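**Q** Can you read through this structure? Questions will come right after.
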Amino acid sequence: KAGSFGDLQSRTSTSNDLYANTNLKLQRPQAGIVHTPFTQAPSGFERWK
Amino acid sequence: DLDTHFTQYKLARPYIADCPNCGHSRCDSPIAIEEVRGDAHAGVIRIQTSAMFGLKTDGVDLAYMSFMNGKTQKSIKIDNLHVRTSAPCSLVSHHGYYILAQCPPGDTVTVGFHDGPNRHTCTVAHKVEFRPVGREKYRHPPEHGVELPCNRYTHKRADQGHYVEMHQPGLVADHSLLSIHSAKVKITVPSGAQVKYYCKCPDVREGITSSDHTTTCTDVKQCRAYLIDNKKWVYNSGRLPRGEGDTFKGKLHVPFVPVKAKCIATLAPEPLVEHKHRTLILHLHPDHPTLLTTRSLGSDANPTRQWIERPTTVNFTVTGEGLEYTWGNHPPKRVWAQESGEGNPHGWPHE
Amino acid sequence: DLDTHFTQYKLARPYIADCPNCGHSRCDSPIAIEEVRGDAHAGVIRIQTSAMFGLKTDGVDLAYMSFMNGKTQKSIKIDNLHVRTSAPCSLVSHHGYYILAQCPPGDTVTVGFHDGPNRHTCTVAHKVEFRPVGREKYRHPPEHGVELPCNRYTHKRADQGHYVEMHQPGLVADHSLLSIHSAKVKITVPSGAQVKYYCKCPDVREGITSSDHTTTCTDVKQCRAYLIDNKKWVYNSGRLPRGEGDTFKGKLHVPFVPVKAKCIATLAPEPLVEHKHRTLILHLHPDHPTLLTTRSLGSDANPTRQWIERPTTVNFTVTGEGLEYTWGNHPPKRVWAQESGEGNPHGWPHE
Amino acid sequence: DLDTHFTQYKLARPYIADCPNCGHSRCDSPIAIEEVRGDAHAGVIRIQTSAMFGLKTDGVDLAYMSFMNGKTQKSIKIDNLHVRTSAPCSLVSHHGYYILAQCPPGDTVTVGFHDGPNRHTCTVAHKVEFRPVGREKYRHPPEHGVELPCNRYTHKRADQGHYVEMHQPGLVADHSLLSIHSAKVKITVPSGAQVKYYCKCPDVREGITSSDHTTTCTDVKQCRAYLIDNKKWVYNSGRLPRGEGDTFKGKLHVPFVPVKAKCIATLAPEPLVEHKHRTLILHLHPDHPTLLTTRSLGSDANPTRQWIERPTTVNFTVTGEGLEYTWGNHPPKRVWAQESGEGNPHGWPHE
């Protein structure tokens with residue numbers, strides 16, 4: 001779950017198998033022209049550091 | 001666009017002016033920046049150069065660059081220009097004396113094309129602020145949320161819906177105009193004008209003008225190199241004075257009006273609406289600061305104010321005519337009060 | 001630097017994509033930034049251009065810059081461009097889609113070169129956060145402070161310690177590759193690709209298959225231009241397509257791995273150590289916001305917490321088996337348990 | 001302005017020292033920035049490039065651009081030079097290795113050529129004021145701020161009033177300098193020089209003496225070449241070595257002395273001064289931090305401190321011997337105690 005640290009939970013590095021919710025929320029790009037921003041909350045891996 | 005708007009173009013000339021952060025003793029900047037407008041709700045920022053880039057003065061193309069060097073234009077490619085604000089801009093379009101350029105907001109604006117030994121720039125101060133409309137208030141969006149109805153500027157050059165007072169391509173010195181009347185300084189017209197003038201020596205110093213000339217005092221620097229143009233109109237600048245001899249007060253539009261479109265705007269996910277008996281439990285976990293507020297309804301106003309920028313469970317006591325819950329500047333949600341969790345009597349607010 | 005990993009190179013190809021900024025009236029820049037990586041917290045930052053500069057598909061020569069035109073390279077200079085994370089950088093090496101450059105750090109990325117008064121910039125949003133691993137929060141060495149261990153990239157592009165998905169890409173840029181065969185949309189394999197495809201027209205969609213090509217709608221402006229490779233796997237960028245069809249072992253390494261090493265770092269001047277009996281006093285005089293916290297080692301286990309950026313004499317209750325004291329991101333320091341008498345005769349430990 | 005003091009100019013030549021900060025971390029540049037002097041509270045900043053632009057190394061051709069590549073010039077255009085801050089500056093005048101430029105606001109200075117297919121710029125920190133002294137600390141003038149007389153740099157230089165050590169300079173960069181005399185370490189003269197040296201091995205060294213070095217320790221990297229140029233002494237840079245066996249005089253002035261003039265300045269918009277009876281009512285309305293303070297006069301004294309950036313009516317109790325009142329860096333004002341309305345003072349307010 002997202003709202004805690006360890007919100008990314010990838011199994012082993014011999015795979016890219018995981019659980020991906022870090023509150024990664026795609027949103028509109030800057031100035032109304034193409035690219036994919038990843039808007040990621042202060043959550044795991046940001047907050048509590 | 002490039003069709004009709006010869007209102008500004010034909011009946012104007014770019015005007016050479018001056019700027020403080022330039023030259024060896026201040027360059028004359030024909031790109032002198034007045035009237036920065038990041039004042040909208042947008043993401044695109046409007047700058048006014050003194051220069052009339054756009055059409056040269058001709059019919060076509062917003063991607064030429066006509067500033068004033070001399071009394072004459074200097075109608076060249078726009079590839080030497082650098083619009084910037086407080087981050088490098090990419091021009092969107094120029095129209096009139098006004099350029100729209102895509103860049104972040106900025107306290108200053110900093111424009112400049114290389115020319116001379118110096119890099120020939122011009123800068124100016126003006127307090128600028130964008131915001132997404134509503135609850136979530138920012139200086140411009142962070143990079144997140146939904147788009148929702150606030151002011152923003154268009155791609156295209158023509159974008160009318162306002163008008164500024166225009167006087168003329170007013171009084172500025174152009175000493176390329178100023179010939180000599182055999183030892184005294186002689187003003188000439190830029191393009192047809194009643195040219196305002198005085199020296200320490202007699203004439204009219206109010207700027208009541210019907211082609212003032214003072215050719216009585218020798219020095220060019222002891223006289224008033226001023227230009228009331230009498231069939232032309234350009235943006236009113238402080239670095240372009242006006243007179244009163246044959247000045248216009250004629251309002252003539254501004255292109256690059258921030259107009260109602262879908263502005264880049266804000267909203268942070270995870271409202272997580274849950275209701276147990278007359279209460280909205282709300283786990284919250286935003287990407288970026290969300291101004292939450294509610295109204296437990298009735299004659300009751302019940303405000304709430306809280307910026308939420310990190311995980312917090314809040315609650316809002318739903319009532320007999322509901323509550324609404326407004327997670328950011330996105331529109332109100334709605335909720336009936338009553339127990340979830342099975343099995344009761346019903347049929348009154350008493351059971 | 002150079003590398004011989006045709007693991008990625010041969011089995012990958014250039015690319016190039018749209019970017020919001022670029023001089024005049026936009027362009028698709030080969031320096032179009034996706035996949036910003038503040039996963040190192042050191043002098044060097046890895047940025048991903050859309051294009052695969054470095055060596056070619058075939059290999060050799062760092063010094064060029066190969067973006068995709070057709071299925072063919074477009075091999076020109078890398079040095080007249082400047083990929084950057086924000087402010088002026090010095091490139092370290094490019095390999096793949098990825099460039100390592102000694103740059104400032106940044107949450108966002110802002111690229112631009114000037115060879116003259118010309119503009120051709122590129123900018124993008126992506127949430128990135130940096131901290132040097134350990135207590136103190138910073139992002140990158142200014143040019144001073146102590147060195148201490150945090151994640152950091154190696155100069156060399158010879159790494160393969162982790163691998164990013166590149167398996168089942170869709171296309172490479174320039175739709176002359178994925179043209180129209182004079183009525184229907186034409187999937188052209190680069191060298192062999194098991195191509196999974198579809199149009200908005202009804203046909204088979206995605207699936208584990210070696211044939212799932214579709215040409216049903218006429219244009220590529222109504223179909224999903226994919227090149228699901230199997231020996232030409234391009235990095236799965238933000239703006240790169242990719243059908244969800246046949247999975248491959250087209251997971252392909254990264255030349256740039258942030259590793260645990262003695263990163264060039266930022267740390268405030270080391271503690272001005274002091275003591276009393278069973279107490280590590282620390283007069284401190286920082287140049288940087290350094291999170292001090294300590295860990296009374298052994299019989300006690302108590303933390304102490306204080307961000308220290310302002311000079312403060314603090315105290316830390318040393319226990320029987322010493323204490324350690326953790327002056328920021330820099331690993332714990334250590335202090336014996338026992339007295340400070342400071343040179344007094346016997347019978348005075350500190351009493 | 002050309003060669004006002006042949007003290008500095010003639011007896012100077014370009015030098016090369018390492019670039020401390022390049023715009024990320026560090027690089028190397030022949031124009032490496034030492035001695036930033038924005039100390040004058042003004043719109044102009046004095047910079048030292050390592051390069052001696054100006055006159056090439058000679059007596060002629062001010063505002064040309066000569067840096068050192070090797071011991072050799074690189075006599076190129078001044079329009080390819082770019083001093084900049086928050087946007088490109090415009091040069092005012094050069095004297096020595098030092099350039100004065102009318103710049104947009106900035107704490108630091110960032111210089112750099114676009115010479116070659118690559119850019120090597122250089123920037124540095126060096127402590128600058130931009131508030132006039134006494135009380136008030138107010139920013140720097142962007143295009144506003146009241147003018148009042150303070151330090152300012154000369155747009156019309158001829159200055160000499162301090163001198164920095166330039167006695168026994170070191171070398172210039174490139175290992176063509178630090179060549180080999182067939183087994184002995186050879187420093188090659190830039191313009192003719194009395195060349196002094198040392199190695200890790202013991203030596204006897206003089207800077208009145210052409211050719212020194214140990215013969216026991218020899219090679220490019222095995223000895224420390226110096227260029228004590230006895231007719232064109234360069235500024236002593238942090239990365240230029242020097243003598244230690246001798247002191248060879250060659251102290252050479254610094255031009256662009258900041259002098260008392262009508263500086264572009266920073267005195268926050270003026271207050272209102274009012275008194276009735278033994279009271280300075282002071283309605284105040286600045287837009288910028290002014291340290292207000294007063295002195296209720298006589299043997300009795302009374303400081304007050306309050307930063308005024310917020311419009312605030314304050315009061316300061318004037319006493320018999322007056323009060324004096326010190327509205328920022330504007331010099332102390334004065335006020336009598338005299339009663340408004342009636343009374344008969346002779347030792348009291350009204351008695």
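Please note that chains go A, B, ... in the order of the structure tokens, that every chain numbers its residues from 1, and that ligands are numbered from 1 in the order shown.
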Give the strand (DSSP E or B) residues of segment 85-291 of chain D, as DSSP finds them on the backbone, and put them as a ChimeraX atom specification.
**A** /D:88,90-95,98-102,109-113,120-124,150-152,162-164,178-180,185-187,194,199,223,228,252-254,259-261,274-275,280-282,290-291
**Q** Please determine the contact residues of chain A with respect to chain B at a cut-off of 7 Å, counting only C-alpha atoms, and supply them as a short mmCIF file (atom, residue, chain, number, x, y, z; two decimals) with C-alpha atoms, in the first residue's frame.
**A**
```cif
data_model
loop_
_atom_site.label_atom_id
_atom_site.label_comp_id
_atom_site.auth_asym_id
_atom_site.auth_seq_id
_atom_site.Cartn_x
_atom_site.Cartn_y
_atom_site.Cartn_z
CA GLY A 3 1.24 5.94 2.44
CA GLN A 27 -1.10 13.41 -14.59
CA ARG A 28 -1.13 16.03 -17.35
CA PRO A 29 2.22 17.07 -18.90
CA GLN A 30 3.65 20.57 -18.77
CA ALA A 31 2.20 23.12 -21.17
CA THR A 39 3.75 12.38 -9.93
CA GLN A 40 4.76 10.53 -6.80
CA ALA A 41 3.65 11.55 -3.32
CA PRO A 42 5.99 12.07 -0.35
#
```
**Q** Figure out the distance between atom CA of residue 232 of chain C and atom CA of residue 206 of chain C, please, to one decimal in Å.
**A**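 Separation of atom CA of residue 206 of chain C and atom CA of residue 232 of chain C: 19.2 Å.
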**Q** Please compute the atom CA of residue 7 of chain C-atom CA of residue 154 of chain C distance, one decimal, in Å.
**A** 19.2 Å
**Q** What are the residues of chain B that have an atom within 12 Å of an atom of chain C, counting only C-alpha atoms, as a PDB file with N, CA and C atoms, in the first residue's frame?
**A**
```pdb
ATOM      1  N   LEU B  62       4.454  35.565 -38.180  1.00  0.00           N
ATOM      2  CA  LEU B  62       4.684  36.021 -36.834  1.00  0.00           C
ATOM      3  C   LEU B  62       6.070  35.688 -36.343  1.00  0.00           C
ATOM      4  N   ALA B  63       6.929  35.122 -37.222  1.00  0.00           N
ATOM      5  CA  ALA B  63       8.236  34.634 -36.862  1.00  0.00           C
ATOM      6  C   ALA B  63       9.313  35.501 -37.452  1.00  0.00           C
ATOM      7  N   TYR B  64       8.998  36.772 -37.819  1.00  0.00           N
ATOM      8  CA  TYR B  64      10.043  37.734 -38.096  1.00  0.00           C
ATOM      9  C   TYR B  64      10.165  38.583 -36.869  1.00  0.00           C
ATOM     10  N   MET B  65      11.081  39.562 -36.952  1.00  0.00           N
ATOM     11  CA  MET B  65      11.597  40.248 -35.815  1.00  0.00           C
ATOM     12  C   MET B  65      11.862  41.602 -36.372  1.00  0.00           C
ATOM     13  N   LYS B  77      15.239  37.890 -38.950  1.00  0.00           N
ATOM     14  CA  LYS B  77      14.782  36.631 -38.421  1.00  0.00           C
ATOM     15  C   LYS B  77      14.729  36.697 -36.919  1.00  0.00           C
ATOM     16  N   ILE B  78      13.843  35.877 -36.297  1.00  0.00           N
ATOM     17  CA  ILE B  78      13.539  35.946 -34.885  1.00  0.00           C
ATOM     18  C   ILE B  78      14.457  35.013 -34.128  1.00  0.00           C
ATOM     19  N   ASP B  79      15.602  34.650 -34.754  1.00  0.00           N
ATOM     20  CA  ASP B  79      16.393  33.510 -34.376  1.00  0.00           C
ATOM     21  C   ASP B  79      17.544  34.041 -33.548  1.00  0.00           C
ATOM     22  N   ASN B  80      17.581  35.387 -33.368  1.00  0.00           N
ATOM     23  CA  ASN B  80      18.640  36.113 -32.718  1.00  0.00           C
ATOM     24  C   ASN B  80      18.071  36.568 -31.404  1.00  0.00           C
ATOM     25  N   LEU B  81      16.716  36.687 -31.339  1.00  0.00           N
ATOM     26  CA  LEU B  81      15.923  36.906 -30.153  1.00  0.00           C
ATOM     27  C   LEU B  81      16.136  35.805 -29.156  1.00  0.00           C
ATOM     28  N   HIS B  82      15.972  36.154 -27.870  1.00  0.00           N
ATOM     29  CA  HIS B  82      15.898  35.219 -26.793  1.00  0.00           C
ATOM     30  C   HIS B  82      14.880  35.878 -25.928  1.00  0.00           C
ATOM     31  N   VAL B  83      13.652  35.317 -25.916  1.00  0.00           N
ATOM     32  CA  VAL B  83      12.737  35.545 -24.831  1.00  0.00           C
ATOM     33  C   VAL B  83      13.130  34.602 -23.729  1.00  0.00           C
ATOM     34  N   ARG B  84      12.968  35.096 -22.490  1.00  0.00           N
ATOM     35  CA  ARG B  84      13.237  34.378 -21.277  1.00  0.00           C
ATOM     36  C   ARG B  84      12.420  35.203 -20.318  1.00  0.00           C
ATOM     37  N   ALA B  87      13.192  31.766 -16.618  1.00  0.00           N
ATOM     38  CA  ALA B  87      13.664  30.527 -17.160  1.00  0.00           C
ATOM     39  C   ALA B  87      13.599  30.775 -18.644  1.00  0.00           C
ATOM     40  N   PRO B  88      14.498  30.236 -19.480  1.00  0.00           N
ATOM     41  CA  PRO B  88      14.420  30.279 -20.935  1.00  0.00           C
ATOM     42  C   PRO B  88      13.056  29.929 -21.466  1.00  0.00           C
ATOM     43  N   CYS B  89      12.513  30.778 -22.359  1.00  0.00           N
ATOM     44  CA  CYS B  89      11.207  30.588 -22.918  1.00  0.00           C
ATOM     45  C   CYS B  89      11.369  30.013 -24.280  1.00  0.00           C
ATOM     46  N   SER B  90      10.241  29.499 -24.808  1.00  0.00           N
ATOM     47  CA  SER B  90      10.144  29.179 -26.209  1.00  0.00           C
ATOM     48  C   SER B  90       9.000  30.049 -26.588  1.00  0.00           C
ATOM     49  N   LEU B  91       9.208  30.954 -27.579  1.00  0.00           N
ATOM     50  CA  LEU B  91       8.171  31.807 -28.118  1.00  0.00           C
ATOM     51  C   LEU B  91       6.999  31.008 -28.612  1.00  0.00           C
ATOM     52  N   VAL B  92       5.799  31.598 -28.469  1.00  0.00           N
ATOM     53  CA  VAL B  92       4.567  30.980 -28.868  1.00  0.00           C
ATOM     54  C   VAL B  92       4.094  31.796 -30.022  1.00  0.00           C
ATOM     55  N   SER B  93       3.997  33.130 -29.848  1.00  0.00           N
ATOM     56  CA  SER B  93       3.616  33.986 -30.937  1.00  0.00           C
ATOM     57  C   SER B  93       3.794  35.402 -30.500  1.00  0.00           C
ATOM     58  N   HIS B  94       4.011  36.322 -31.472  1.00  0.00           N
ATOM     59  CA  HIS B  94       4.058  37.736 -31.202  1.00  0.00           C
ATOM     60  C   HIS B  94       2.922  38.285 -31.993  1.00  0.00           C
ATOM     61  N   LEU B 100       3.955  36.377 -26.629  1.00  0.00           N
ATOM     62  CA  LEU B 100       3.554  35.328 -25.753  1.00  0.00           C
ATOM     63  C   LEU B 100       4.609  34.290 -25.915  1.00  0.00           C
ATOM     64  N   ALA B 101       5.047  33.726 -24.776  1.00  0.00           N
ATOM     65  CA  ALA B 101       6.118  32.785 -24.769  1.00  0.00           C
ATOM     66  C   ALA B 101       5.854  31.850 -23.630  1.00  0.00           C
ATOM     67  N   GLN B 102       6.090  30.552 -23.898  1.00  0.00           N
ATOM     68  CA  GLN B 102       5.937  29.458 -22.988  1.00  0.00           C
ATOM     69  C   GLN B 102       7.187  29.321 -22.182  1.00  0.00           C
ATOM     70  N   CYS B 103       7.020  29.589 -20.870  1.00  0.00           N
ATOM     71  CA  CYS B 103       8.028  29.488 -19.859  1.00  0.00           C
ATOM     72  C   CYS B 103       7.268  29.593 -18.560  1.00  0.00           C
ATOM     73  N   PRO B 104       7.792  29.041 -17.465  1.00  0.00           N
ATOM     74  CA  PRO B 104       7.404  29.314 -16.082  1.00  0.00           C
ATOM     75  C   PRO B 104       7.173  30.779 -15.729  1.00  0.00           C
ATOM     76  N   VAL B 111      14.983  39.633 -21.683  1.00  0.00           N
ATOM     77  CA  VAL B 111      14.872  39.498 -23.118  1.00  0.00           C
ATOM     78  C   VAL B 111      16.190  39.986 -23.644  1.00  0.00           C
ATOM     79  N   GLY B 112      16.640  39.533 -24.836  1.00  0.00           N
ATOM     80  CA  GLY B 112      17.851  40.082 -25.381  1.00  0.00           C
ATOM     81  C   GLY B 112      18.250  39.338 -26.601  1.00  0.00           C
ATOM     82  N   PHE B 113      18.742  40.099 -27.603  1.00  0.00           N
ATOM     83  CA  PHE B 113      19.346  39.575 -28.800  1.00  0.00           C
ATOM     84  C   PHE B 113      20.733  40.135 -28.794  1.00  0.00           C
ATOM     85  N   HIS B 114      21.740  39.290 -29.128  1.00  0.00           N
ATOM     86  CA  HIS B 114      23.115  39.703 -29.325  1.00  0.00           C
ATOM     87  C   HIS B 114      23.201  40.693 -30.461  1.00  0.00           C
ATOM     88  N   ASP B 115      23.999  41.766 -30.262  1.00  0.00           N
ATOM     89  CA  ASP B 115      24.194  42.805 -31.239  1.00  0.00           C
ATOM     90  C   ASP B 115      25.178  43.743 -30.596  1.00  0.00           C
ATOM     91  N   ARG B 119      25.943  42.006 -25.316  1.00  0.00           N
ATOM     92  CA  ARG B 119      24.937  41.015 -25.617  1.00  0.00           C
ATOM     93  C   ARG B 119      23.556  41.620 -25.640  1.00  0.00           C
ATOM     94  N   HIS B 120      23.461  42.952 -25.381  1.00  0.00           N
ATOM     95  CA  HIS B 120      22.332  43.809 -25.673  1.00  0.00           C
ATOM     96  C   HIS B 120      20.998  43.287 -25.183  1.00  0.00           C
ATOM     97  N   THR B 121      20.834  43.203 -23.841  1.00  0.00           N
ATOM     98  CA  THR B 121      19.678  42.584 -23.235  1.00  0.00           C
ATOM     99  C   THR B 121      18.794  43.671 -22.675  1.00  0.00           C
ATOM    100  N   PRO B 141       0.817  25.306 -11.232  1.00  0.00           N
ATOM    101  CA  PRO B 141       0.754  23.912 -10.794  1.00  0.00           C
ATOM    102  C   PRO B 141       2.099  23.268 -10.504  1.00  0.00           C
ATOM    103  N   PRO B 142       2.231  22.252  -9.650  1.00  0.00           N
ATOM    104  CA  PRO B 142       3.503  21.575  -9.456  1.00  0.00           C
ATOM    105  C   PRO B 142       3.864  20.721 -10.651  1.00  0.00           C
ATOM    106  N   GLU B 143       2.952  19.813 -11.082  1.00  0.00           N
ATOM    107  CA  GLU B 143       3.087  18.976 -12.254  1.00  0.00           C
ATOM    108  C   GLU B 143       1.984  17.952 -12.214  1.00  0.00           C
ATOM    109  N   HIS B 144       1.041  18.075 -11.249  1.00  0.00           N
ATOM    110  CA  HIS B 144       0.073  17.044 -10.974  1.00  0.00           C
ATOM    111  C   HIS B 144      -1.309  17.574 -11.205  1.00  0.00           C
ATOM    112  N   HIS B 155      -2.376  29.312 -28.237  1.00  0.00           N
ATOM    113  CA  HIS B 155      -1.246  29.163 -29.131  1.00  0.00           C
ATOM    114  C   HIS B 155      -1.168  30.277 -30.150  1.00  0.00           C
ATOM    115  N   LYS B 156      -2.337  30.709 -30.678  1.00  0.00           N
ATOM    116  CA  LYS B 156      -2.415  31.484 -31.892  1.00  0.00           C
ATOM    117  C   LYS B 156      -2.223  32.926 -31.513  1.00  0.00           C
ATOM    118  N   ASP B 287      -0.452  13.739  -3.491  1.00  0.00           N
ATOM    119  CA  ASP B 287       0.809  13.925  -4.165  1.00  0.00           C
ATOM    120  C   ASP B 287       1.443  15.245  -3.797  1.00  0.00           C
ATOM    121  N   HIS B 288       0.618  16.302  -3.596  1.00  0.00           N
ATOM    122  CA  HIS B 288       1.098  17.650  -3.392  1.00  0.00           C
ATOM    123  C   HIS B 288       0.015  18.358  -2.604  1.00  0.00           C
TER     124      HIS B 288
END
```
**Q** Fewer than 3 positions away in the same chain doesn't count, so skip those; otherwise give me all residues within 6 Å of residue 290 of chain C, counting only C-alpha atoms, as a list in words.
**A**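 So, after excluding close chain neighbours, the residues are residues 136, 307, 308, 309 and 328 of chain C.
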**Q** By how many Å are atom CA of residue 298 of chain B and atom CA of residue 321 of chain B apart?
**A**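 Result for atom CA of residue 298 of chain B versus atom CA of residue 321 of chain B: 6.1 Å, one decimal.
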**Q** Need the shell around residue 134 of chain C: protein/DNA/RNA residues with any atom at most 12 Å away, counting only C-alpha atoms. Skip same-chain ones fewer than 2 positions apart. Format as an mmCIF file with N, CA and C atoms, in the first residue's frame?
**A**
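Okay, selection-v1.cif is ready:
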```cif
data_model
loop_
_atom_site.group_PDB
_atom_site.id
_atom_site.type_symbol
_atom_site.label_atom_id
_atom_site.label_comp_id
_atom_site.auth_asym_id
_atom_site.auth_seq_id
_atom_site.Cartn_x
_atom_site.Cartn_y
_atom_site.Cartn_z
ATOM 1 N N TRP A 48 10.047 10.093 5.532
ATOM 2 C CA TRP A 48 10.838 9.311 6.449
ATOM 3 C C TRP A 48 12.252 9.140 5.941
ATOM 4 N N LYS A 49 12.874 10.273 5.539
ATOM 5 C CA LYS A 49 14.282 10.378 5.228
ATOM 6 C C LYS A 49 14.672 11.803 5.506
ATOM 7 N N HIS C 41 23.504 10.386 -5.867
ATOM 8 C CA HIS C 41 23.348 11.542 -5.029
ATOM 9 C C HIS C 41 24.710 12.132 -4.895
ATOM 10 N N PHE C 130 16.352 13.167 -4.435
ATOM 11 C CA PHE C 130 17.715 12.809 -4.108
ATOM 12 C C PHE C 130 17.881 12.950 -2.622
ATOM 13 N N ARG C 131 18.673 12.038 -2.015
ATOM 14 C CA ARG C 131 19.328 12.312 -0.762
ATOM 15 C C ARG C 131 20.576 11.486 -0.831
ATOM 16 N N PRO C 132 21.760 11.919 -0.406
ATOM 17 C CA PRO C 132 22.839 11.031 -0.021
ATOM 18 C C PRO C 132 22.365 10.101 1.053
ATOM 19 N N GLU C 136 21.753 12.888 7.047
ATOM 20 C CA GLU C 136 21.726 14.173 6.382
ATOM 21 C C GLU C 136 21.090 14.136 5.021
ATOM 22 N N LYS C 137 20.291 15.189 4.755
ATOM 23 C CA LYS C 137 19.557 15.402 3.547
ATOM 24 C C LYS C 137 20.335 16.449 2.814
ATOM 25 N N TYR C 138 20.773 16.109 1.587
ATOM 26 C CA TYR C 138 21.412 17.040 0.702
ATOM 27 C C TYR C 138 20.976 16.492 -0.633
ATOM 28 N N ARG C 139 21.747 16.697 -1.733
ATOM 29 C CA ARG C 139 21.447 16.037 -2.986
ATOM 30 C C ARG C 139 22.700 15.769 -3.790
ATOM 31 N N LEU C 148 31.691 10.836 1.807
ATOM 32 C CA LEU C 148 31.040 9.890 2.669
ATOM 33 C C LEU C 148 30.245 8.996 1.759
ATOM 34 N N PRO C 149 29.792 7.823 2.185
ATOM 35 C CA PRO C 149 29.329 6.829 1.240
ATOM 36 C C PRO C 149 27.862 7.055 0.973
ATOM 37 N N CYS C 150 27.493 7.082 -0.321
ATOM 38 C CA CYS C 150 26.132 7.165 -0.759
ATOM 39 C C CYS C 150 26.122 6.563 -2.123
ATOM 40 N N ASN C 151 24.915 6.360 -2.700
ATOM 41 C CA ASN C 151 24.785 5.923 -4.068
ATOM 42 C C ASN C 151 25.343 6.946 -5.018
ATOM 43 N N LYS C 260 27.003 1.467 -4.155
ATOM 44 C CA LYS C 260 27.422 1.893 -2.850
ATOM 45 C C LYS C 260 28.901 2.082 -3.000
ATOM 46 N N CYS C 263 30.857 8.136 -2.365
ATOM 47 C CA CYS C 263 30.418 9.221 -3.197
ATOM 48 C C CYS C 263 31.104 10.502 -2.822
ATOM 49 N N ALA C 265 30.528 14.058 -1.966
ATOM 50 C CA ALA C 265 29.375 14.351 -1.156
ATOM 51 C C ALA C 265 29.522 15.694 -0.519
ATOM 52 N N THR C 266 28.612 15.945 0.447
ATOM 53 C CA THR C 266 28.424 17.217 1.073
ATOM 54 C C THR C 266 28.258 16.840 2.503
ATOM 55 N N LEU C 267 29.089 17.428 3.377
ATOM 56 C CA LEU C 267 28.927 17.229 4.782
ATOM 57 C C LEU C 267 29.530 18.424 5.416
ATOM 58 N N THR C 290 22.871 19.188 8.746
ATOM 59 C CA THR C 290 23.351 17.860 8.972
ATOM 60 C C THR C 290 22.489 17.320 10.058
ATOM 61 N N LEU C 291 21.849 16.161 9.793
ATOM 62 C CA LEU C 291 21.035 15.498 10.770
ATOM 63 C C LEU C 291 21.921 14.720 11.671
ATOM 64 N N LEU C 292 22.116 15.222 12.904
ATOM 65 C CA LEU C 292 22.799 14.465 13.898
ATOM 66 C C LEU C 292 21.760 13.670 14.603
ATOM 67 N N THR C 293 22.178 12.485 15.035
ATOM 68 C CA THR C 293 21.406 11.604 15.835
ATOM 69 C C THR C 293 22.482 10.707 16.324
ATOM 70 N N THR C 326 26.237 10.139 14.906
ATOM 71 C CA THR C 326 26.049 9.883 13.507
ATOM 72 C C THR C 326 25.722 11.201 12.902
ATOM 73 N N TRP C 327 26.828 11.928 12.609
ATOM 74 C CA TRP C 327 26.898 13.279 12.127
ATOM 75 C C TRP C 327 26.524 13.293 10.677
ATOM 76 N N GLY C 328 25.205 13.255 10.411
ATOM 77 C CA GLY C 328 24.662 13.187 9.091
ATOM 78 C C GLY C 328 24.816 11.850 8.481
ATOM 79 N N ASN C 329 24.758 11.902 7.145
ATOM 80 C CA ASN C 329 24.791 10.843 6.188
ATOM 81 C C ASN C 329 26.026 9.999 6.296
ATOM 82 N N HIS C 330 27.166 10.648 6.610
ATOM 83 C CA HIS C 330 28.365 10.059 7.141
ATOM 84 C C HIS C 330 28.130 9.038 8.249
ATOM 85 N N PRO C 331 28.690 7.817 8.175
ATOM 86 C CA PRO C 331 28.457 6.733 9.120
ATOM 87 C C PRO C 331 28.803 7.082 10.552
ATOM 88 N N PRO C 332 28.278 6.393 11.561
ATOM 89 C CA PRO C 332 28.543 6.672 12.960
ATOM 90 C C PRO C 332 30.010 6.735 13.353
#
```
**Q** Can you pull out the residues contacting residue 200 of chain D? Cut-off 12 Å, using only C-alpha atoms, and skip same-chain residues under 5 positions away; I want them as number ranges by chain.
**A** D: 213-219, 221-225
**Q** If we count only C-alpha atoms, what is near segment 49-55 of chain C at a cut-off of 9 Å, once residues fewer than 5 positions away on the same chain are taken out, given as a ChimeraX atom specification?
**A** /C:2-3,9,12-18,29-35,60-68,75,78,83,93-99,173,234-235,237-240
**Q** Find the residues around residue 194 of chain D up to 8 Å (only C-alpha atoms counted), leave out those fewer than 6 positions away in its own chain, and share them as a VMD selection string.
**A** chain D and resid 207 to 211 227 to 230
